[PDB]
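All remarks here apply to the structure that follows.
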Amino acid sequence: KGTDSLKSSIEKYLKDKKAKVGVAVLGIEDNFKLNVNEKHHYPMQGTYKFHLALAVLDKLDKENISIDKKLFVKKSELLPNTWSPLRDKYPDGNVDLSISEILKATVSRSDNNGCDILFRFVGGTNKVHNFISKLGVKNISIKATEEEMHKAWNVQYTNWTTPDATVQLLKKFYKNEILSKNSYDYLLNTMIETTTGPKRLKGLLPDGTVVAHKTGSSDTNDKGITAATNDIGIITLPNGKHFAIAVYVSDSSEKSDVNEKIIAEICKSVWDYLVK
Ligand SMILES: O=C(O)[C@H]1/C(=C/CO)O[C@@H]2CC(=O)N21
Ligand SMILES: [Cl-]
């Protein structure tokens with residue numbers, strides 16, 4: 001009967017997939033809800049740079065600090081051997097960068113040094129955890145910086161979420177219940193104006209569908225397990241309405257192109273349902 005047939009359709013798709021896949025959908029203006037494998041903790045990876053950006057922009061809003069205020073970034077903070085367009089652009093460090101530019105690198109391009117710079121700015125991972133909890137969203141654990149996750153293999157699992165929590169947080173954000181209008185407009189634009197994950201949530205959608213999103217990805221260990229392949233965001237339906245969706249393909253033995261196709265197929269079948 002509608003939602004449960006779509007849910008059964010997704011579960012049948014997931015049966016032969018060697019991964020633990022979590023799915024959540026929340027209508028923005030017309031309450032719609034769908035969960036698959038909700039009672040599970042999924043490693044977030046890069047998706048938690050969205051949570052960090054909320055915390056940075058909230059701090060700017062509350063303390064009346066301009067997004068153009070510049071922060072001095074020491075060379076020792078532009079770590080090597082990590083994804084970081086910031087360090088590529090400023091290899092020698094010791095540069096004054098506006099918060100706006102660090103945020104853009106972090107959200108739109110998933111900069112890891114940008115991420116840790118901003119964690120320092122808001123007072124560390126626990127401060128972001130508290131900020132998120134006090135918004136009334138439970139079941140998000142934020143324990144490790146990018147530099148910390150790049151050490152032991154296990155550390156990435158201490159940044160975890162249920163799919164429900166993400167989609168609740170995306171909806172609060174998207175309905176502008178969190179930020180000032182200017183902070184909201186900026187974060188939203190950087191989530192639309194990203195080049196990442198073209199084969200994930202957006203993979204099978206019609207050309208030009210606007211999708212504000214944040215990806216997350218992990219390494220693959222030598223037992224062929226890719227810990228995390230994620231995409232979360234807000235999608236615009238043909239009638240101009242929206243839905244928040246989060247897909248976490250975790251602890252997967254499948255090849256990377258299958259992991260992305262899973263996100264794209266699931267999103268497509270949710271799209272088809274709400275369009276019909
Ligand atoms: O497009 C719409 O009319 C509504 C809808 C209808 C089907 O549940 O559900 C999704 C949530 C939303 O905004 N959409
Ligand atoms: Cl690969």
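By convention here, the chains of the structure tokens are called A, B, ... in the order presented, each chain's residues are numbered starting at 1, and ligands are numbered starting at 1 in the order presented.
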### Task
Would you mind listing what lies within 9 Å of residue 9 (chain A) as a list in words, with only C-alpha atoms counted and same-chain residues fewer than 5 positions away left out?
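With the cut-off at 9 Å, the set is residues 4, 14 and 269 of chain A.
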Around ligand 1, at most 10 Å away and counting only C-alpha atoms and all ligand atoms, which residues are there? Put them as an mmCIF file with C-alpha atoms, in the first residue's frame, please.
data_model
loop_
_atom_site.group_PDB
_atom_site.id
_atom_site.type_symbol
_atom_site.label_atom_id
_atom_site.label_comp_id
_atom_site.auth_asym_id
_atom_site.auth_seq_id
_atom_site.Cartn_x
_atom_site.Cartn_y
_atom_site.Cartn_z
ATOM 1 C CA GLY A 2 2.261 2.741 -1.319
ATOM 2 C CA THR A 3 5.149 3.245 1.088
ATOM 3 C CA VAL A 25 13.594 9.581 3.337
ATOM 4 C CA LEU A 26 11.696 12.556 4.760
ATOM 5 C CA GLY A 27 9.276 14.747 2.824
ATOM 6 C CA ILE A 28 9.956 18.411 3.287
ATOM 7 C CA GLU A 29 6.585 20.001 2.865
ATOM 8 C CA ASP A 30 4.329 16.966 2.728
ATOM 9 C CA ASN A 31 5.123 14.548 5.434
ATOM 10 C CA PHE A 32 6.398 11.350 3.917
ATOM 11 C CA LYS A 33 8.593 8.890 5.683
ATOM 12 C CA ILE A 235 16.206 16.714 -3.860
ATOM 13 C CA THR A 236 13.771 18.884 -5.829
ATOM 14 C CA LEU A 237 10.794 17.053 -7.320
ATOM 15 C CA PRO A 238 9.290 18.096 -10.676
ATOM 16 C CA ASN A 239 6.404 19.840 -8.904
ATOM 17 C CA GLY A 240 8.855 22.015 -6.970
ATOM 18 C CA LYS A 241 8.484 20.138 -3.683
ATOM 19 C CA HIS A 242 11.467 18.515 -1.931
ATOM 20 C CA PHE A 243 12.527 15.430 0.038
ATOM 21 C CA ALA A 244 15.524 14.677 2.257
ATOM 22 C CA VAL A 270 12.072 6.816 -4.304
ATOM 23 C CA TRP A 271 11.967 9.571 -6.932
ATOM 24 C CA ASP A 272 9.645 7.491 -9.146
ATOM 25 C CA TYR A 273 7.261 6.806 -6.260
ATOM 26 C CA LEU A 274 6.928 10.457 -5.193
ATOM 27 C CA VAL A 275 6.611 11.639 -8.799
ATOM 28 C CA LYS A 276 3.777 9.137 -9.366
#
At a cut-off of 12 Å, can you tabulate as CSV every residue of chain A near ligand 2 together with its closest atom pair and the distance in Å to one decimal, using only C-alpha atoms and all ligand atoms and ordering rows by chain then number?
residue,atom,partner,partner_atom_place_in_ligand_line,distance
A:217,CA,ligand 2,1 (Cl),10.5
A:218,CA,ligand 2,1 (Cl),10.1
A:219,CA,ligand 2,1 (Cl),8.6
A:220,CA,ligand 2,1 (Cl),8.3
A:221,CA,ligand 2,1 (Cl),11.6
A:224,CA,ligand 2,1 (Cl),10.8
A:225,CA,ligand 2,1 (Cl),11.7
A:226,CA,ligand 2,1 (Cl),9.5
A:229,CA,ligand 2,1 (Cl),11.2
A:254,CA,ligand 2,1 (Cl),10.7
A:255,CA,ligand 2,1 (Cl),7.5
A:256,CA,ligand 2,1 (Cl),5.6
A:257,CA,ligand 2,1 (Cl),7.9
A:258,CA,ligand 2,1 (Cl),10.7
A:259,CA,ligand 2,1 (Cl),10.4
A:260,CA,ligand 2,1 (Cl),10.9
### Task
For residue 56 (chain A), work out the shell of residues within 10 Å, counting only C-alpha atoms and skipping chain neighbours fewer than 5 positions away, then give it as an MDAnalysis selection string.
chainID A and resid 50:51 61 67 99 103 118:119 121:123 128 183
Kindly save the residues from that selection, with N, CA, C and O atoms included, as an mmCIF file, in the first residue's frame.
data_model
loop_
_atom_site.group_PDB
_atom_site.id
_atom_site.type_symbol
_atom_site.label_atom_id
_atom_site.label_comp_id
_atom_site.auth_asym_id
_atom_site.auth_seq_id
_atom_site.Cartn_x
_atom_site.Cartn_y
_atom_site.Cartn_z
ATOM 1 N N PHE A 50 28.882 18.172 6.642
ATOM 2 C CA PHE A 50 27.637 18.941 6.693
ATOM 3 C C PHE A 50 27.306 19.344 8.127
ATOM 4 O O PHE A 50 26.985 20.509 8.401
ATOM 5 N N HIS A 51 27.392 18.390 9.060
ATOM 6 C CA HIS A 51 27.130 18.700 10.464
ATOM 7 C C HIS A 51 28.095 19.763 10.971
ATOM 8 O O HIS A 51 27.698 20.676 11.702
ATOM 9 N N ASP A 61 26.497 33.009 13.272
ATOM 10 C CA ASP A 61 25.223 33.674 13.524
ATOM 11 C C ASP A 61 25.139 34.168 14.962
ATOM 12 O O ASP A 61 24.784 35.322 15.209
ATOM 13 N N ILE A 67 31.286 35.863 7.732
ATOM 14 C CA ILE A 67 31.826 34.723 7.002
ATOM 15 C C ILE A 67 33.110 35.081 6.257
ATOM 16 O O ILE A 67 33.864 34.185 5.838
ATOM 17 N N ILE A 99 36.796 32.367 6.428
ATOM 18 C CA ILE A 99 35.986 31.219 6.821
ATOM 19 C C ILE A 99 35.168 30.718 5.635
ATOM 20 O O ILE A 99 35.072 29.506 5.388
ATOM 21 N N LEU A 103 35.189 26.935 4.336
ATOM 22 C CA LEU A 103 33.917 26.222 4.314
ATOM 23 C C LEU A 103 33.608 25.688 2.925
ATOM 24 O O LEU A 103 33.095 24.573 2.777
ATOM 25 N N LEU A 118 38.200 23.756 10.695
ATOM 26 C CA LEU A 118 36.913 24.222 11.206
ATOM 27 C C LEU A 118 36.539 23.544 12.521
ATOM 28 O O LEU A 118 35.860 24.157 13.353
ATOM 29 N N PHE A 119 36.941 22.284 12.725
ATOM 30 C CA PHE A 119 36.741 21.665 14.036
ATOM 31 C C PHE A 119 37.461 22.451 15.118
ATOM 32 O O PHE A 119 36.913 22.668 16.206
ATOM 33 N N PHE A 121 38.030 25.552 15.030
ATOM 34 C CA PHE A 121 37.383 26.851 15.162
ATOM 35 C C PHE A 121 36.152 26.768 16.057
ATOM 36 O O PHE A 121 35.889 27.683 16.844
ATOM 37 N N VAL A 122 35.389 25.676 15.964
ATOM 38 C CA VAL A 122 34.211 25.532 16.803
ATOM 39 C C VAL A 122 34.514 24.855 18.131
ATOM 40 O O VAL A 122 33.584 24.594 18.898
ATOM 41 N N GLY A 123 35.773 24.552 18.427
ATOM 42 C CA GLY A 123 36.119 23.963 19.709
ATOM 43 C C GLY A 123 36.169 22.446 19.787
ATOM 44 O O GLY A 123 36.167 21.906 20.900
ATOM 45 N N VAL A 128 30.684 19.995 18.346
ATOM 46 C CA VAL A 128 29.735 19.741 17.257
ATOM 47 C C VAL A 128 28.693 18.715 17.696
ATOM 48 O O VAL A 128 27.506 18.835 17.367
ATOM 49 N N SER A 183 23.342 32.580 6.256
ATOM 50 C CA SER A 183 24.092 31.347 6.455
ATOM 51 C C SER A 183 23.429 30.193 5.717
ATOM 52 O O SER A 183 24.099 29.406 5.038
#
### Task
May I have the residues within 9 Å of residue 245 (chain A) as a list in words, using only C-alpha atoms and disregarding those fewer than 2 positions away in the same chain?
residues 23, 24, 25, 26, 27, 163, 166, 167, 170, 201, 231, 232, 233, 234, 235, 243, 247 and 267 of chain A
